[PDB]
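Heads up, the thing below is written out as structure tokens.
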Amino acid sequence: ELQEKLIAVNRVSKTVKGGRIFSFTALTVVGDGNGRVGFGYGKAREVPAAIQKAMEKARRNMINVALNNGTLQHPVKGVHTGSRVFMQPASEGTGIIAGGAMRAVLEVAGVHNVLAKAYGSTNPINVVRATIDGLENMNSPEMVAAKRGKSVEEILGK
RNA sequence: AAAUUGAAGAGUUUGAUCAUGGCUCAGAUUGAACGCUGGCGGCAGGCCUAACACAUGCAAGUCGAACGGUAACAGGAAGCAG
Ligand SMILES: [K+]
Ligand SMILES: [K+]
Ligand SMILES: [K+]
Ligand SMILES: [K+]
Ligand SMILES: [K+]
Ligand SMILES: [Mg+2]
Ligand SMILES: [Mg+2]
Ligand SMILES: [Mg+2]
């Protein structure tokens with residue numbers, strides 16, 4: 001039911017009196033392929049434990065995205081820390097034209113066609129955060145009409 | 001009718017981190033050259049350097065329906081003779 005993807009595993013270190021203690025971090029995303037997506041970040045002495053923790057957090061941190069037939073509603077910009085991302089809808093058959101970190105998020109969320117670009121820092125943790133922020137801030141015609149007190153036809157008419 | 005269907009990142013500074021920042025790579029292209037190799041065909045392309053110097057052959061003639069003419073050769077006309 002839920003598609004899970006491991007985006008990056010990194011080895012970090014802290015120094016103690018006897019020397020360096022290594023550990024691992026895992027960044028993952030989960031999604032239902034129908035507008036729900038979440039990301040998890042886990043730390044452990046071992047890679048499988050870190051990955052399991054990340055999946056556990058991702059399953060709990062899901063948000064909702066208003067998709068339009070497997071594409072975005074409109075161009076969106078997202079930002080987190082040094083990472084800036086830009087995404088726009090594309091015609092059917094275009095595919096996911098995006099870098100790896102954005103691609104995992106978009107694919108588990110269920111975006112099938114999109115043109116994307118990452119500016120600034122391409123650190124995967126912050127790129128994932130910026131991508132999810134843009135998707136969560138995307139608007140749909142229903143929301144726009146409701147908030148403006150108009151009808152969907154008046155929003156998208158002549 | 002149709003003739004703007006369009007946008008990917010990665011490595012490297014630290015014990016580790018986030019940022020900044022340069023360097024490096026994956027693409028496409030060429031009047032190309034070199035190394036190894038090499039079956040056929042079609043279409044195109046071929047001194048980018050010395051606007052350096054050039055053997056030899058050819059790259060601008062034609063008109064006798066403008067004209068005086070006859071160097072040929074081809075007849076016509078006169079004579080002679082194997
Ligand atoms: K590391
Ligand atoms: K180095
Ligand atoms: K860099
Ligand atoms: K330094
Ligand atoms: K330090
Ligand atoms: Mg080192
Ligand atoms: Mg020349
Ligand atoms: Mg000639």
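Every chain is numbered from 1, with letters handed out A, B, ... down the list of sequences. Values reported hereafter were calculated over all heavy atoms of this structure, with side chains retained and with hydrogens, waters and symmetry mates removed.
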| task | When you get a sec, tell me which of B/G6, B/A16, B/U20 is the closest nucleotide to the side chain of A/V12? | result | B/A16
| field | Given B/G6, B/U20, B/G15, the nucleotide with the shortest approach to the side chain of A/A90 | value | B/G6
| field | B/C48 and B/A33, which share atom name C1', separated by this distance in whole Å | value | 12 Å
| Are side-chain heavy atoms of A/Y41 and A/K57 found at a separation under 4.5 Å? | no
| message | Using modelled atom types and a 3.5 Å cut-off, is there a donor and acceptor pairing between side-chain atoms of A/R84 and backbone atoms of A/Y119? | response | no
| query | Rounded to the Å, how far apart are A/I21 CD1 and B/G15 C1'? | reply | 11 Å
| message | For a quick check of understanding: with a heavy-atom distance under 4.0 Å over all strands, which category does A/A101 fall into, base, sugar-phosphate or nothing? | response | nothing
| query | What nucleic acid atoms does A/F86 come within less than 4.0 Å of, heavy atoms only: base, sugar-phosphate, or nothing? | reply | base
| query | Is the distance from OP1 or OP2 of B/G6 to the nearest side-chain N or O of A/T94 less than 4.0 Å? | reply | no
| message | Using atom P in both nucleotides, what's the gap between B/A32 and B/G45 to the nearest angstrom? | response | 12 Å
| request: Grab the NZ-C1' distance between A/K77 and B/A7 for me, whole Å please. | output: 12 Å
| message | Could you check whether any side-chain heavy atom of A/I96 comes within less than 4.5 Å of a side-chain heavy atom of A/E107, counting everything from C-beta outward? | response | yes
| field | Toward the 5' end of RNA chain B, by each residue's nearest nucleotide, A/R103 or A/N126 | value | A/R103
| request: Using the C1' atom on both, measure B/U13 against B/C23 and round to a whole Å. | output: 12 Å
| task | Would you mind calling the pucker of B/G64 north or south from its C1'-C2'-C3'-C4' torsion? | result | south
| field | Sole candidate of A/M55, A/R36, A/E56, A/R60 that passes side-chain contact (heavy atoms from CB on, under 4.5 Å) when paired with A/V30 | value | A/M55
| said: Classify A/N113 by what it touches in the nucleic acid, base, sugar-phosphate, or nothing, heavy-atom distance under 4.0 Å. | reply: nothing
| request: Take atom CZ of A/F22 and atom P of B/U14, then tell me their distance rounded to the nearest Å. | output: 15 Å
| request: Please classify the sugar of B/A8 as north or south using the torsion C1'-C2'-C3'-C4'. | output: south
| task | Please work out if the bases of strand neighbours B/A77 and B/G76 stack, meaning their six-membered ring centres are under 5.5 Å apart and their ring planes differ by under 30°? | result | yes
| Given side chains that start at C-beta, do those of A/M87 and A/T131 come closer than 4.5 Å, heavy atoms only? | yes
| said: Under 4.0 Å from OP1 or OP2 of B/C18: is there any side-chain N or O of A/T81 that close? | reply: no
| query | Is B/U14 north-puckered or south-puckered, judged from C1'-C2'-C3'-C4'? | reply | north
| remark: To the nearest angstrom, the OH-P distance between A/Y119 and B/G9 comes to 9 Å
| message | I'd like the P distance from B/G75 over to B/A59, given in whole Å. | response | 33 Å
| Integer angstrom distance from the P of B/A44 to that of B/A50 | 32 Å
| Classified sugar conformation, B/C73, by whichever sign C1'-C2'-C3'-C4' takes | south
| request: Among the candidates B/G9, B/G6, B/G15, find the nucleotide nearest to the side-chain atoms of A/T15. | output: B/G15
| note | The answer to which of A/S121 and A/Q88 contacts RNA chain B further toward the 5' end, by nearest nucleotide, is A/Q88
| query | Is it true that B/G22 and B/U12 form a pair, Watson-Crick or G-U wobble, with both distances below 3.5 Å? | reply | yes
| request: Between B/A53 and B/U49, how far apart are the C1' atoms? Round to whole Å, please. | output: 15 Å
| In the structure shown, which nucleotide is the Watson-Crick or G-U wobble counterpart of B/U70, with both distances under 3.5 Å? | none
| Base stack present between B/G27 and B/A28, cut-offs 5.5 angstrom and 30 degrees | yes
| Can you tell me if A/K53 uses its side chain to pair, donor with acceptor, with the backbone of A/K43 under 3.5 Å? | yes
| task | Write down the distance between CD1 (A/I96) and P (B/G6), rounded to a whole number of angstrom. | result | 18 Å
| request: Any strand is fair game: report the nucleotide pairing with B/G64 by Watson-Crick or G-U wobble, both distances under 3.5 Å, or none. | output: none
| field | Atom-to-atom span, CZ of A/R11 to P of B/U14 - whole angstrom | value | 15 Å
| query | What distance do A/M102 atom CE and A/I97 atom CD1 have between them, rounded to the nearest 0.5 Å? | reply | 12.0 Å
| note | Rounded to whole Å, CG of A/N10 lies from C1' of B/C18 at a distance of 12 Å
| Whole-angstrom distance between B/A26 and B/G11, as gauged at atom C1' | 11 Å
| field | Test: B/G9 stacks on B/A8 (six-ring centres under 5.5 Å, planes under 30°) | value | no
| field | Stacking of B/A60 on B/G61, centroid gap under 5.5 Å, tilt under 30° | value | no
| Whole angstrom value for the distance that separates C1' of B/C18 from CG of A/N123 | 7 Å
| said: Can you tell me if B/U37 puckers north or south, using the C1'-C2'-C3'-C4' torsion sign? | reply: north
| message | Checking the side chain of A/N113 only, and the main-chain atoms of A/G95 only, is there a donor and an acceptor separated by less than 3.5 Å? | response | yes
| If we take the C1' atom in both B/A8 and B/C25, what is their distance in whole Å? | 15 Å
| Heavy-atom distance under 4.5 Å between the side chains of A/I63 and A/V37, does that happen here? | yes
| query | Which part of the nucleic acid, if any, lies within reach of A/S91 when heavy atoms closer than 4.0 Å are counted: base, sugar-phosphate only, or nothing? | reply | base
| query | Any side-chain N or O of A/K117 under 4.0 Å from OP1/OP2 of B/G9? | reply | yes
| query | Given that both distances must come in under 3.5 Å, which nucleotide forms a Watson-Crick or G-U wobble pair with B/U30? | reply | none
| Stack flag B/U13/B/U14 (5.5 Å, 30°) | no
| request: Could you please name the option among B/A10, B/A8, B/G15 that lies closest to any side-chain atom of A/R20? | output: B/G15
